[PDB]
Number of protein chains: 4
Amino acid sequence: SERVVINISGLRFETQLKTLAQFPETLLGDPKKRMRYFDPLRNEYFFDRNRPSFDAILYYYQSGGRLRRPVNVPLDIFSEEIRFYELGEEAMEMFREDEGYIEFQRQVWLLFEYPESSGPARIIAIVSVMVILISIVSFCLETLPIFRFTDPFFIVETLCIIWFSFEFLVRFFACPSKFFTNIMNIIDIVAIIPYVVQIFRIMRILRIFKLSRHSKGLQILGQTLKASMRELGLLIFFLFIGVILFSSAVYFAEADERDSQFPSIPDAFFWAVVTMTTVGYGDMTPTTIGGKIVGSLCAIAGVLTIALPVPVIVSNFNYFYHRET
Amino acid sequence: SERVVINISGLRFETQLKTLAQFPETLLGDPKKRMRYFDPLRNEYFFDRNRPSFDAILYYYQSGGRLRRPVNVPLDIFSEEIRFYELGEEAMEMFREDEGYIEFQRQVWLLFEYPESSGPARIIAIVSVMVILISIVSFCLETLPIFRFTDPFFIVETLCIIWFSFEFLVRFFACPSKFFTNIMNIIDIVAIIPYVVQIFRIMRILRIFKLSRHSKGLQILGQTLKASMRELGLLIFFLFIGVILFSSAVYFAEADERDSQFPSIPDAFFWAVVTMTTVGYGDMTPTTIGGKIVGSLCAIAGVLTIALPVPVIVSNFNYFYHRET
Amino acid sequence: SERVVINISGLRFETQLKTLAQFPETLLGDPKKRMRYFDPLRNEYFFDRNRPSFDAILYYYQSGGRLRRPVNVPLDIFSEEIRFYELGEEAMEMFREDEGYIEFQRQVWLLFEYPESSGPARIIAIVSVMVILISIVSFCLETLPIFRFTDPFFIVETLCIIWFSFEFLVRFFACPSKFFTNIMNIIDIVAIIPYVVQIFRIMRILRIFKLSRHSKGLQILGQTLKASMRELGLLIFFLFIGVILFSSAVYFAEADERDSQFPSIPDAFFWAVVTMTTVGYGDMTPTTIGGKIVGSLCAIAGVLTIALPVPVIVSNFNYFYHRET
Amino acid sequence: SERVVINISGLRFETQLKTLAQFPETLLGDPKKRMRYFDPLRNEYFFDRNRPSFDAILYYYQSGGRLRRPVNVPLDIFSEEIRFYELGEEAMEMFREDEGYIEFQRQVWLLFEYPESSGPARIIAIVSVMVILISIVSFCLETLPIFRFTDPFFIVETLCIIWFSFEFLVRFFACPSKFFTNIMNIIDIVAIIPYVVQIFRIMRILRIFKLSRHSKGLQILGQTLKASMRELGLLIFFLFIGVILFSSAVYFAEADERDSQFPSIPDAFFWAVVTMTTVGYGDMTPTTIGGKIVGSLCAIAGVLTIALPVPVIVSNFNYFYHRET
Ligand SMILES: [K+]
Ligand SMILES: [K+]
Ligand SMILES: [O]
C-alpha cells in the first residue's frame, strides 16, 4: 500500500507499491532496478523520457497484462519504451500480435528458392521465367487453324518440361523438410503431370500459375483470396440468388409471347449474369414490357450485388500489398 | 461549495462537493462510498486507476448526464470504469445507445428456430436446406423444352411441400407468441399457398427466400435494404429522372430520320437504362450525330447517377456484416 | 506581466495578465467579470468546467484570434464553453465558418413556397406533383405510333399549363422580392414558354426539372453538380483526350483493311466512348490484331479515366446529403 | 545532470540540463538565450505559449533528432513553435520532408513558360490553345470519306506547324539551361518532326499531348501515372494472367462443338478482355453449358481484377489534385 511517485519528464504519476510489485520482473517492479532513478529529495522516481507513452505502461500494472499503445503515440516510440521499462518478452509479443504482426544442398537452395541472393541467382530466375513465358506462348499456339523429336511443338514442349523437371528434381533433395504444404510446389507438381485427355488439358492450363513464385503481386492476390473466401463466396451466393430470381421474372413476363427469346429458366441464366455484371449479352434482349422492366431491375440490383462485398476484398488486398513493401 | 480533490494515479482533479452530490447514487456522490479512498494527509481521494478515462466521468457530474467516451480511450476500458464509479444503469445503457448497441414444445423449438444448439439440430438444418435446393432445382426444370402421383414433377413438388408444411405446422404450436411480424415466417406462408395462375407462379418464385433463415449473409442484406430505402429509392428516382431526360433527348435528335431506331419516347426507355447502367443494348444504337452525343452523355451521367448513393448503401451493409461477427 | 493562475477542474493554467487583457471584452479579460471565480487562498481563478476544451481558449488569447476546436473535444461541448468564456460574437461566427457552417400575400406564400407548414399546404403540394407527373406522362404519350378543345392531348396539356400558370401568377405578387436568382423559378419560366419548333420541344423536356422543388434529393444533386464543376468537367476533358487518342489508334490499325469497320476518325468516336464507359457498341468491333489491342487499352484506360474524379464528386454529394438531414 | 524545470503556460516539464545542452544551437540549449525566460522565484523557465506542442519539442532533445508533430496539434501551429524554440534549419526541413513537402530573353520567357504573369501573357496562351484545338480538328478531318499552298489541308497543317515551330524556336535560346529532361518540350519535339509513314502518323497523334502544358488536370494525371506504375502495371499483369486463363477455359469447353465461335486460344483473347472490363463483345458469345459458365466466372473475376489496384491509383490522383490547389 506504500505510495510510489513516478516523475516522467515533469508529468506526475502515483500508484501503490503493490501494483508495481505485481510484476517483479520489470524495471519498476524490481526495487534494485528502479533504485538508480530515485530522488531522495522529492521521494519519487524520475525518468527523462517520453510522456504520452507512460499512460499505458502504468496501466499495464493496474490492469495486470493489458498493453495498448495510445492512439497519439507513434508505433516505434511506444515499442522502444516497452524495452526500457522491461515489461517482458511475453507482453511484447502480445503487443505485436495485438497490433498486427505474426552444405551440399544449402547453396543450390539459395539460387532457386530465394533468387535475390547472389548474382547468378538473379539471372537464373530470368531464364526460368523466359521458359515459363515461352511455355505459355507454346500452349496458345498449339491450337491455331494453321497448326491444326519431329512434331514442331514437341521440341519446345519437352524443352520446357526438361526445365520444369529441372525445377523440381533440384528442390526435393535440397529442400529443408520433406513440402506438400507450400502451394508453390503443388503448382510445380501440376505443371509436371503430363504422364480424360481433355481434363488433363484443362489441368494443363495451370502452368500459368508457375509465375506466382517469381511474381510480387501474384503472392499478394493469393493471400487476398484465401483471406476473403467468406466475402468472396458471399458474392457468388448473392449472385446465385439474383440469377435464379431474375431469370424466372423475365421468363414469366415472356411466356405467352410465341417469339419470346427466353424458352426456359436455365436458358435465361446467362442473360441475368451478364446483365448483373453489366457485360451485355447482345443476343437475348427482352421484348415484353414486363420483361423489359425485369431487365432494368436486374441491372440495378446487379451493381448493388457486386459493390457490397468488393470493399472488403479490396481492403484485404491493400493490406497485404502495403505490408509486403 | 466545499472543494474536493480527486487524485487519479497522479492526475489531479478538483471540483465542488455540490457537483458530486448532484448524483447521490454513484461512488463519488455517496460520502460513505468514497470514504475508503480518502487521504487525510493531502485532503484528497486517491484512485489507482486509468487516467484518460476520468475526464468524462467528472464531466458527467458537471454536465449532469452527458457521458461521452473519450476518442483516445478504448471502448472496453472506459466501460469498465463506469462500473467502478457506479454512474448508474440508466447512464450506462444511454452510453451503449449513444455508442451504437440496441416443455412439450420447448425442445422442438430448439432444433428448428436455432439450428446451432444440439447435434441433431445441425443435421436437420442441412436436410431442410437440401429440400429447399431441390425445390429450387425442381422449379427451374418444370419449364425445359423436353418437359413441356403420376406427373414426374408432382413427386418432388409435393414432397418439398410436405417438408415445407413440416416447416410450419411445427412452428405454430411451438412458437413463443402467436408470429406475423417475423418476416422469416411470412416467407414460409408464401412458400405454402399453392391452393391469376400466372400471378401465383410469379408469387411461387418467392420460395428462393426460404434460404434467408439458414443463410448468414441473406440476413445481413435484408437488414441493409430496410435500413437504406431512402438512398435505395433515391437511386430509383435519380435513374427515373435521367431515363425520361435522355430518352427524349435521343428521340428529338432522331426524329426526321426515316430509319431512326427510336420510334417514340417509351421505346427509348430501355436504351437509356442499359446505357446508364452500362450494360449495352446491342439493338437500339444511335445513328444521328446529335443522337450519338446524347448516348455519350447518357453513359457519363449513368456512372455518376449510380455511384452517388452506392457508398451509403455499401456502408450500411459493411456495418451489419461486421456487427454480426 | 503580472502572472495569472487559472484552475480548470484541477488542471493548472498560467499566463501573463497582458495576454488576457488583450481582449478586454471576454470573461478572463474583464477583471470585474473574473472576480467571482478568484481564490484568495491559492491566488488563482477556479472553474468547475470541462478540461480538454481550455487548451484552445487560452491559446485564443496567446494567438490573439485563433480559435480551433481540439480534435478530441466534441463540437457541442467546445461551442458551449465559448459562450461561457464570452469570446465574442465575431470569434464565434468565425469558429462556425472555420468548422463548416454558413399579410395579403404572406399566407398564400406559406402553402406554396414551404409546403410543410399547414395541413392544406401538404395536400396542395401532392396535387401539384400529380399535375407534374401527368404532365410528364402526357409528354411521353404525344409520340406513340398509335397517336401519330378537341385534340385528345390538348385537354391535359393546357390543363397542366393552367396549373403551371397557377404556379407562377401566385408567386410573382406574393414573393418577398421581385426572383430571377432562384433557379427554382427559372424552371417555372421554362415550363411556361410555349408561346425553331424543335428547339422549343427539346426545351420543353425541361418540365421534368419541375420536380426539383418538391424533391429532397434533387436539391442535393443540384448543389453537388454546382460544387463540383471543376472535377465534373475534368472528367469530360479526360474523356475528350482519350476519345481523340484511341479513335485515331484504332483507325490507323485498321486502315489498310478494305472491310475495316472504322472509315474515318469521327466515325470511331462513339466506339471509344462506349468502350471507355464500358457500355458496349455491338456494332463497330475491331478486326485487326492491332485494332483489337487498341480496344483493350481503350477499355482499361476507360475505367481509370472514370474512377479518378468520381470519389470527389461522390464526397460532395455525401456531404450535402447528410448536412440536409 | 542539473535538473531544469520548464513551465509551458502552466504545464510542467522537467529534464536534465545535459539533454538540452545536447543541441547547443537552439533556445533551450543556449543558456544566454533561455536566460530571459527564467523565474528566480520558482527556479523554472516559463513560456506563455502553446501547450500540446511542447511534448514533441522536449522529446526532440531526449530522442536527439526525432521531431514528430502530435496528431492533435495543427500543422501550422506546431511549425510556428519550431521557429520559436529555434530547433534549426536542418530539423525543420526534415520535419517538412517527413510530413510530405519537397534580360534579352528573360521577358520572352515570361509570356511563354508562365502564361499567368502579364496581361498579354494570358492572351497569347489562348491563341496558342486555339491553334492546338484547330490542329486536332485538322487531324480528325484529314480522313473523312468526302476528303479522301494548294492542298485544302496544307493551309492549316503548316499554319499550325509555323506556330508549333514558333513554340520551340523561342524556347531554345530563351530557356534557363540547354531542356531534354522536361517532358513538356519532348512533346514539342514530337509535334514538330514531320520531316514508316504510317508509324509517323501514329506518332503524329501525339500532338494531343500539346495540351498538357496549358491544362491543369493533365499535369496532375501525368504525375499520377508516373507515381503509380507498379500498381498501374499490376493491373495489366493481373489482366494478362486472367485473359490467358479464361480464354483457354472457354476454348476447351467449346472444342467438340463444330460451330464453336472460338476457333483457337488467341481468338478468344478479346472476348476475355471485354468480359473482364464488362464492355460486351456482341459477337463471340458462349454456346456450351461449360463455356457459358466460364463467361460467368470471367465477368465476376473481371470486376475483382479491376477494382483491386484502382483505389491506390485513385489515391495517388486525389493527392496531387488537392496539393496543386
Ligand atoms: K457493357
Ligand atoms: K459495364
Ligand atoms: O453489347
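Rules of the game
Residues numbered from 1 in each chain as written, not as in the entry; some residues may be left out. Chains lettered and ligands numbered in written order. Part of a larger assembly, values for the part shown. Heavy atoms only, no water. Residues with missing side-chain atoms left out of burial classes, pairs and counts. Helix = DSSP H or I, 4+ residues; strand = E, 2+ residues; numbered from the N terminus. Rg over C-alpha atoms; globule rule 2.2 N^0.38 Å. Contact = heavy atoms within 4.5 Å. Donors = N, O, S within 2.8 Å, 3.2 Å for Na, K, Ca; no water. Buried < 20%, exposed > 50% of the residue type's maximum accessible area, 1.4 Å probe, protein only. Pairing = 2+ DSSP bridges. Polar contact = N/O pair within 3.5 Å; in protein donor to acceptor, adjacent residues only side chain to side chain. Least-squares fit on C-alpha atoms. Nonpolar A, V, L, I, M, F, W, Y, C, P; charged D, E, K, R; others polar. Disulfide = S-S within 2.5 Å. Patch = residues over 30% accessible without salt bridge, like charges linked within 9 Å, V, L, I, M, F, W, Y side chains within 5 Å. Areas by Shrake-Rupley, 256 points an atom, 1.4 Å probe, with all protein chains shown as cover. Salt bridge = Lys/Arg side-chain N within 4 Å of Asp/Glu carboxyl O.

### Observations concerning the overall build of chain A
For step 1, the next point in the chain: Each helix and strand counted, chain A has 15 helices and 4 strands in total.
For step 2, the next point in the chain: The C-alpha atoms of chain A give a radius of gyration of 32 Å, which is well past the 20 Å a tight globule of 325 residues would have.
For step 3, the next point in the chain: The dimensions of chain A, computed from C-alpha atoms along their principal axes, are 100 × 65 × 25 Å.

### A look at the interface of chain A and chain B
For step 1, the next point in the chain: Contacts between the two partners involve 53 residues from chain A and, on the opposite side, 56 residues from chain B.
For step 2, the next point in the chain: Elements with a contribution of two residues or more to the side of chain A that touches chain B: strand 2 (11-16), helix 2 (54-63), helix 12 (229-253), helix 13 (269-276), helix 14 (289-307) and helix 15 (310-323) of chain A.
For step 3, the next point in the chain: Of all the elements, helix 12 of chain A adds the most residues to the side of chain A that touches chain B, at 11 residues.

### Description of the coordination of the potassium ion (ligand 2)
For step 1, the next point in the chain: Note on the potassium ion (ligand 2): its protein donors are A:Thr278 (O), A:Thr278 (OG1), B:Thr278 (O), B:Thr278 (OG1), C:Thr278 (O), C:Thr278 (OG1), D:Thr278 (O) and D:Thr278 (OG1). The metal-donor distances range over 2.8 to 3.0 Å.
For step 2, the next point in the chain: In this structure, the potassium ion (ligand 2) is positioned 3.6 Å from the potassium ion (ligand 1), and both are ligated by A:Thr278. Here A:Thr278, found in the loop between helix 13 and helix 14, pairs with D:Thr278, found in the loop between helix 13 (269-276) and helix 14 (289-307), and the two come from separate chains.
For step 3, the next point in the chain: Classification of A:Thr278 as buried rests on a relative accessible area of 9%.

### So, the sheet that holds strand 2 (residues 11-16) of chain C
Residue and element names in this part refer to chain C.
For step 1, the next point in the chain: Overall, mixed pairing links the 4 strands, which are arranged 2-1-4-3 in an open sheet. At either end of the open sheet lies a strand with only one pairing partner, and these are strand 2 and strand 3 (38-39).
For step 2, the next point in the chain: Alignment of strand 1 (residues 3-8) against strand 4 (residues 44-47), held across 3 bridges, turns out to be parallel. Bridged to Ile 6 within strand 4 is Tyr 45.

### Brief notes about the side chain of A:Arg171
Residue and element names in this part refer to chain A.
For step 1, the next point in the chain: Considering the arrangement of structural elements, one finds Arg 171 in helix 8 (residues 169-172).
For step 2, the next point in the chain: Taking relative accessible area as the criterion, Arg 171 reaches 3% and is therefore assigned buried.
For step 3, the next point in the chain: At a separation of 3.3 Å, a polar atom in the side chain of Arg 171 contacts the side chain of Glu 113.
For step 4, the next point in the chain: If sequence neighbours within four positions are ignored, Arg 171 has contacts with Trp 109, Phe 112, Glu 113, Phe 179, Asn 185, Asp 188 and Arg 213.

### Some points on the relation of the copies chain C and chain D
For step 1, the next point in the chain: Each copy superposes on the other: chain C lies on chain D with an RMSD of 0.0 Å after a rotation of 90° and an axial shift of 0.0 Å. Classification of the inter-copy transformation places it as that of a four-fold axis.
For step 2, the next point in the chain: With a heterologous cut-off of 20% or less, the 9% of interface residues of chain C that recur at the interface of chain D puts this contact in the heterologous class.

### Quick notes on the interface of chain C and chain D
For step 1, the next point in the chain: The interface is formed by 53 residues belonging to chain C together with 56 residues belonging to chain D.
For step 2, the next point in the chain: Residue assignment for the side of chain C that touches chain D shows that the elements contributing at least two residues are strand 2, helix 2 (54-63), helix 12 (229-253), helix 13 (269-276), helix 14 (289-307) and helix 15 (310-323) of chain C.
For step 3, the next point in the chain: Considering every element that reaches the side of chain C that touches chain D, the biggest residue donor is helix 12 of chain C, with 11 residues.
For step 4, the next point in the chain: Of the residues that constitute the side of chain C that touches chain D, the class distribution is 29 nonpolar, 14 polar and 10 charged.

### Considering the relation of the copies chain A and chain B
Two chain copies, one operation linking them: a rotation about an axis together with a shift along it.
For step 1, the next point in the chain: Between chain A and chain B, which share one sequence, the superposing operator has a rotation angle of 90° and an axial displacement of 0.0 Å; the RMSD is 0.0 Å.
For step 2, the next point in the chain: The share of interface residues of chain A whose copies in chain B are also at the interface is only 9%, consistent with the copies meeting through different surfaces.

### Comments concerning the pairing of strand 1 (residues 3-8) of chain A
All names here are of chain A.
For step 1, the next point in the chain: Burial analysis of strand 1 places 5 of its 6 residues in the buried class, the great majority of the element.
For step 2, the next point in the chain: Here strand 1 pairs with strand 2 via 6 bridges, running antiparallel. Paired with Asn 7 across the two strands is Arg 12, which belongs to strand 2.
For step 3, the next point in the chain: Where strand 1 folds back on strand 2, the antiparallel hairpin that results is connected by 2 residues, among which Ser 9 adopts a positive phi of roughly 55°.

### Describing the side chain of B:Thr305
Residues and elements named next belong to chain B.
For step 1, the next point in the chain: Following the sequence through the fold, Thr 305 ends up in helix 14 (residues 289-307).
For step 2, the next point in the chain: Engagement of the side chain of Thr 305 in a polar contact is seen with the backbone oxygen of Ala 301, the distance being 2.8 Å.
For step 3, the next point in the chain: Those residues within four positions of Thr 305 in sequence are excluded, and the remaining contacts are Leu 235, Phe 238 and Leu 239.

### Details of the state of the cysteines
Residues and elements named next belong to chain B.
For step 1, the next point in the chain: What the rule picks out here adds up to 0 disulfides over all chains.
For step 2, the next point in the chain: Just so you know, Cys 140 is unpaired, no disulfide at all, and the nearest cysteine sulfur is the one on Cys 160, 12 Å from it.
For step 3, the next point in the chain: A residue is classified by how much of its surface remains accessible, and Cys 140, at 8% relative accessible area, is buried.

### A short note on a nonpolar patch on the surface
All names here are of chain C.
For step 1, the next point in the chain: A contiguous nonpolar surface patch, about 960 Å² in accessible area, is contributed by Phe 172, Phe 180, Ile 189, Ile 193, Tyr 195, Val 196, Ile 199, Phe 200 and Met 203.
For step 2, the next point in the chain: Tallying contributions element by element places helix 10 (residues 197-204) first for the nonpolar patch, with 3 residues.
For step 3, the next point in the chain: Its location among the elements puts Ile 189 in helix 9 (residues 183-190).
For step 4, the next point in the chain: Overall, the relative accessible area of 31% leaves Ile 189 in the partly exposed class.

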